[PDB]
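Undergrad: Please find the sequence and an experimentally derived structure below.
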Amino acid sequence: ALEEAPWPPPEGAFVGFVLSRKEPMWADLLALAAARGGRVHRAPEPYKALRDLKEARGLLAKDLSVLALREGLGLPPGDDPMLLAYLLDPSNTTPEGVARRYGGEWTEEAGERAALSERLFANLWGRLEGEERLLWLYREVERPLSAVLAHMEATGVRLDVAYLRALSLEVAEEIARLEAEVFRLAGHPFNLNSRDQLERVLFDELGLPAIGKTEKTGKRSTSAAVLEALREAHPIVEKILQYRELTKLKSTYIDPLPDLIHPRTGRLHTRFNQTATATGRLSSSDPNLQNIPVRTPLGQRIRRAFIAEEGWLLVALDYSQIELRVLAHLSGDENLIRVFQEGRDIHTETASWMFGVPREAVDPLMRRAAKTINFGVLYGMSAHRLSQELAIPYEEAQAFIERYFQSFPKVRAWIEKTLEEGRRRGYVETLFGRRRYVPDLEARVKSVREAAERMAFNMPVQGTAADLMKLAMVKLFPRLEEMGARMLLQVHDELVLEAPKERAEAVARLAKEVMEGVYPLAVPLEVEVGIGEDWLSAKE
DNA sequence: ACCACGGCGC
DNA sequence: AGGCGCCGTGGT
Ligand SMILES: [Mg+2]
Ligand SMILES: [Mg+2]
C-alpha cells in the first residue's frame, strides 16, 4: 500500500522515467524513479540521480540507457519486462499494450512506471516458467542485444549534407518536369498529391476506365495496381507513377534527414526497436531503414548520404541468401542444400535444376525466372502475380511453380508440415523457438486465411534469419569495442560498422568470421563484406 | 492539433 | 514476390 522512501534506491530496483518526447536522444528527462519490493523512490533532480544507478532495469530500459549515454553515463540496460512480453507473444509490442493485457496501467508518472515494471517482470517471469527455449533467447539474445542497440542509437551516423543538397536539387528538378507534363496532359494544374483530385482528373475528366475500388472510402482507386493496367490507355498515367516514386523518395528520405541531425552530436540517431515485428526482425525508425528502396537506383542514392567520420571507414556485412539458406536448413531438402554446400549461384542452379539443363546453358531470362520463383515460393506469391512479373501465361506460371516443387519436394513438404503444425498448436516457431501465434489459419475469409498461411511459413524462416543476426551482433560488440570500432546500422540481413581506416580491414575480417560462425547450419553462412567512405561504396 | 484514410515501400 | 512505418490529404 504505497511505501515511499527517499532517493537513492537499493541495488536491483526497477526504474521508471518520463521523457518530454518518445525519442530519447532528443528528449528531456522530466522525472525518474525507482521501485523495489513495491517501495517507490522519487528522484529530486533526475539527471543528477541517473549517476546513482548501475544499470537500467524496467520498461523501456534501452531508451533510458540511450539518454544516459547522451549524457556521458555508462548505464547499461538489463532486465525489461517488454522483452519477456515479446518473447511470450510478439503481438506484445508496447508498454501500454502489455499493461493492458497482463495487469496494471501504463501512466505518465515515473514512480508508477517503476512500480509497474517490477510487478510486470515478476508476473511475466512466472508465465515463462518451463519455456526453456524462450528463456535461452531472453538471456543470450534479447537482454544483451538491448545494450548493443542502446550504443548504436546513441552513437548515430554521419550524413553527407552537401551531397544531400545536390541530390535534393536533382530530384526536385525532375519532379518539376514531371509535374509540368501531367498538367499539360490534364489541361490544367491540380494537386498531384491529392488522390481525390487525381481520381476526378483520371476518370471523370479524361474518362479512363476505373478498375479497382478503395478499401474503406468506396471511391475509384488510383493505386499503382490500377495505373499499371492503364499505362497504355493514356501517357499521363506513366508520368503520375514516376512523379509518385520521386516525391515519396524526396519527402521520406531526402527532406527529413538533415533535420534529424542532432545539434549536440552532429549525427543522425536512427532508433532501433527489438520488440516491434511479428518475426523478431529488428525494426528502425527516424528514418525507417527497411523501406529505403532496394530495387531501384533511387535507394542507392540515399545510402550514399550515409558516410564515415573523417579518418574512418564504413564496413558493410550482409548474409547472402540467408532466407533461402535457412529454408534449406529447415526443410532438409537435399537438392537445395547441395546448391549451397557446393558454393554455387543459387538462382542459376535453381534454374538448371528446374529446367534440367546444364548451368552453362542457363540464360539471363531463365535465371530471372528462377530468382522470382525462389522468392515467390518463400513469400507465398500467387500464380497470378508470378504470371504478371515474368510476362508469361497464367498456366505457364502454374506449371513453373509445380516444377519448382518437383525439384524441391522437401520444401513442399516443409510448407505443408509447417501449416499443419500451426493449425494444430496455434503457433509456429523458428529454429531457436521464437514463437508466433497464427490464429487466423482458421479464418473463414479466404483473403485473411491466406495471409495467415503466408505468415505461418514465413515467420520460421524470417525469424531464424533475425536471430542469427541478433546473436552475431551480441557476439561481435565486445570485440569491436576493444578495437575502437562501432556498430551503427542494421537493416534486412545487413550490418554496418564504422572503424578507423587503419583498422577497417582487420575489423572486416573479424566481423566476417564472427557472423559466418555464429551458429552451425546444414549449409554454410556466407557473408559479403565491403569497405568504403560511404554506405553505397561499401555495399557495391 | 487530432484523426482515418489512400497509397507505397519492404 | 510479401504488418506497419511513413507521407500528405481531408474531415472535425
Ligand atoms: Mg515508390
Ligand atoms: Mg492506414
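TA: Looks like it arrived, so ask away. Numbers count the residues shown, from 1 in each chain, chains lettered A, B, ... in the order given. Ligands and ions are numbered 1, 2, ... in the order given.
Undergrad: need the contact list for residue A:30.
TA: Applying CB atoms under 8 Å, 6 or more residues apart in numbering to residue A:30 gives the contacts A:18-20, A:46, A:110. Heads up, the C-betas are built off the backbone N, CA and C, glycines and all.
Undergrad: Oh, that last question was meant for residue A:270, not what I typed.
TA: Per CB under 8 Å, 6+ apart, neighbours of residue A:270: A:152-153, A:156-157, A:284-287, A:289, A:489.
Undergrad: which of those are close to DNA strand C?
TA: A:285-287 (CB under 7 Å from any atom of the strand).
Undergrad: and residue A:331, how many residues sit next to it?
TA: Residues within reach of residue A:331, counting by other CB atoms under 10 Å, total 22.
Undergrad: How about residue A:281?
TA: 21.
Undergrad: Same question for residue A:305.
TA: As a burial measure, residue A:305 scores 22 neighbours (other CB under 10 Å).
Undergrad: Kindly report the same for residue A:306.
TA: 25.
Undergrad: Ramachandran angles for it?
TA: For residue A:306, the backbone dihedrals (degrees, to the nearest 10) come out as phi -90, psi 120.
Undergrad: Which members of the contacts of residue A:270 are classed as buried?
TA: Buried members of these, counted by 16 or more other CB atoms under 10 Å: A:152-153, A:156-157, A:284, A:286-287, A:289, A:489.
Undergrad: now, the most widely separated pair of the residues you listed?
TA: A:152 and A:287 (14.3 Å; CB to CB).
Undergrad: which ones are touching the one residue in the stretch 251-400 of chain A that gets nearest to ligand 1?
TA: With CB to the ion, the shortest gap between the stretch 251-400 of chain A and ligand 1 falls at residue A:293, namely 6.4 Å. Shown in contact with residue A:293 (CB under 8 Å, 6+ apart): A:249, A:299, A:302.
Undergrad: Wasn't it part of a strand?
TA: No - applying DSSP: H, G, I helix; E, B strand; the rest coil, one finds residue A:293 to be coil, outside a strand.
Undergrad: does the residue of the stretch 201-350 of chain A found nearest ligand 1 belong to a helix or a strand, and which?
TA: Proximity to ligand 1, evaluated over the stretch 201-350 of chain A using CB to the ion, is greatest for residue A:245 at 4.0 Å. Following DSSP states H and E, one finds residue A:245 within helix A:235-253.
Undergrad: hmm, who's touching that helix?
TA: With CB under 8 Å, 6+ apart as the test, helix A:235-253 has contacts from A:168, A:171-172, A:174-175, A:178-179, A:181-182, A:185-186, A:192-193, A:198, A:202, A:206, A:208, A:222, A:224, A:227-228, A:230-231, A:287, A:291-293, A:296, A:298, A:302.
Undergrad: same deal with stretch A:297-310?
TA: Taking CB under 8 Å, 6+ apart as the rule, stretch A:297-310 contacts A:157-160, A:163-164, A:167, A:245-246, A:249, A:253-254, A:257, A:292-293, A:314, A:489, A:496, A:498, A:532-537, A:539-540.
Undergrad: give me that answer again for 6 Å
TA: Outside stretch A:297-310, the residues within contact range by CB atoms under 6 Å, 6 or more residues apart in numbering are A:157-160, A:163-164, A:167, A:249, A:253, A:292-293, A:314, A:498, A:533-536.
Undergrad: residue of the stretch 1-150 of chain A with the smallest distance to DNA strand C?
TA: In the stretch 1-150 of chain A, the residue that lies nearest DNA strand C is residue A:93 (5.9 Å; CB to the nearest atom of the strand).
Undergrad: List the contacts of that residue.
TA: By CB under 6 Å, 6+ apart, the neighbours of residue A:93 are A:275-276.
Undergrad: Mind doing that once more with 10 Å?
TA: Contacts for residue A:93 (CB atoms under 10 Å, 6 or more residues apart in numbering) come out as A:82, A:85-86, A:273, A:275-278, A:283.
Undergrad: Would you mind giving the contacts of residue A:293 as a markdown table with neighbour count added?
TA: Formatted as a markdown table, these follow (neighbours: other CB atoms under 10 Å):
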| residue | neighbour count |
| --- | --- |
| A:249 | 21 |
| A:299 | 16 |
| A:302 | 22 |
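Undergrad: Kindly report the residues of the stretch 351-500 of chain A close to DNA strand C.
TA: Checking the stretch 351-500 of chain A against DNA strand C by CB under 7 Å from any atom of the strand, the hits are A:371-372, A:375-376, A:379-382, A:385, A:389, A:451-452, A:454-455.
Undergrad: Repeat the analysis, applying 10 Å as the threshold.
TA: Counting by CB under 10 Å from any atom of the strand, the stretch 351-500 of chain A comes close to DNA strand C at A:368, A:371-386, A:388-390, A:436, A:438, A:440, A:447-448, A:450-455, A:458-459, A:462, A:492.
Undergrad: Done for today, thanks.
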